[PDB]
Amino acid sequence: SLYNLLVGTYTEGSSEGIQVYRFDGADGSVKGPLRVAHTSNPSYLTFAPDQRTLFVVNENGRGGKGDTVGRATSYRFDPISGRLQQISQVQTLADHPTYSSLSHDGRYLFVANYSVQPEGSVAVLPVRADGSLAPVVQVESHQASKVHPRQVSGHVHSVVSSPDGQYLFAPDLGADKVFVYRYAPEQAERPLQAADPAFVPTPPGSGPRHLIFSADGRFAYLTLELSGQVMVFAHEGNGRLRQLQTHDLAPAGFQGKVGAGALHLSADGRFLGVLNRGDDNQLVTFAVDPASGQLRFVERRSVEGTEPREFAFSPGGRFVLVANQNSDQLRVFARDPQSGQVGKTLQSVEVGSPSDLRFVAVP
């Protein structure tokens, strides 16, 4: 049961770009890399539904040694050989683009410019029929909350459409808000229209980061980086969210820094995994109530490294893989798809500053 495993990375160290590995669902082994696509800081990977057209953010910023402006790059991917072919590359108009997503009709790539220095933004990039990117047509920056030093300017950390695709949600870690836009392709010159409400506030100094929706669009889950929490919302459609629940990621009595990072639901909708960084460095697993969407704590598993940046459940659910950015390693763990429990460490993979993981089956 063999899959391509594409690994995004930061390229300040040994990595030279996107690394292509092979994952075996039969034993959990990771082998490679087979190929590396040379490019600057390809830290987040987004595939079109064909699983052949790949969109990448080049998370460059002004204080870098190398390229200093944010870019987005598109690729074609051959899942037989592992080959990646660059199609196009354009500026995102702000530093550190760190996340992207395609509009539901494929007409645009929404980009989250994080921008360590002022100012971050949502950027809108048209996508041509051949998968090439066109220059930015819209840029939206935001007012910051100034509750934490990391919030003196706006920092967009994800851009996520509702599953029906009509609205685009943009958690801004510097604003303590999730901004909400209506997607209006009929207005090619400004496809993102501010909705009502225009945002969903989060607690002061909480740092909203990543948002996901349940498959049925009824609920949304949001990490709060600075507070070390995950928030549960009911999604009403029309771009409206109402708060249901907030849960700490670290136990009561945990002394040490915390940081909430990536989150993903399992393919059966039954479990939510959330990373907590800081001094905690755990994958936190919750059971998801299908009726209320609320979360019940199941377990915490040490990621055996520092700054876990992303993770991915394996396609069959019998493994989970964590990218430990500061440790320069991937870790593969056994997983029980029934209980959601994460077990024995099966392998550690040395890779420079890994930041994202994506599975594509080998035809």
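Numbers follow the displayed sequence, beginning with 1.
When the C-alpha B-factors of 125 to 133 and 97 to 105 are averaged, 125 to 133 comes out higher. Higher mean CA temperature factor, per the PDB entry, when comparing 206 to 214 with 177 to 185: 177 to 185. Comparing C-alpha B-factors across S43, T46, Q338, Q325 in the deposited entry, the largest value falls on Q338. For the set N238, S74, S227, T285, the maximum C-alpha B-factor listed in the entry falls on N238. Residue-level temperature factors show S14 in the highest third of its chain, judged at the C-alpha atom. Placement of the Cα temperature factor of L54 within the chain: middle third of the modelled residues, per the deposited record. When the modelled residues of the chain are ordered by their C-alpha B factor, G253 lands in the highest third. Among the modelled residues of its chain, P354 has a C-alpha B-factor that falls in the lowest third, as given in the PDB entry. Remark: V147 belongs to the lowest third of its chain, ranked by C-alpha B-factor as recorded.
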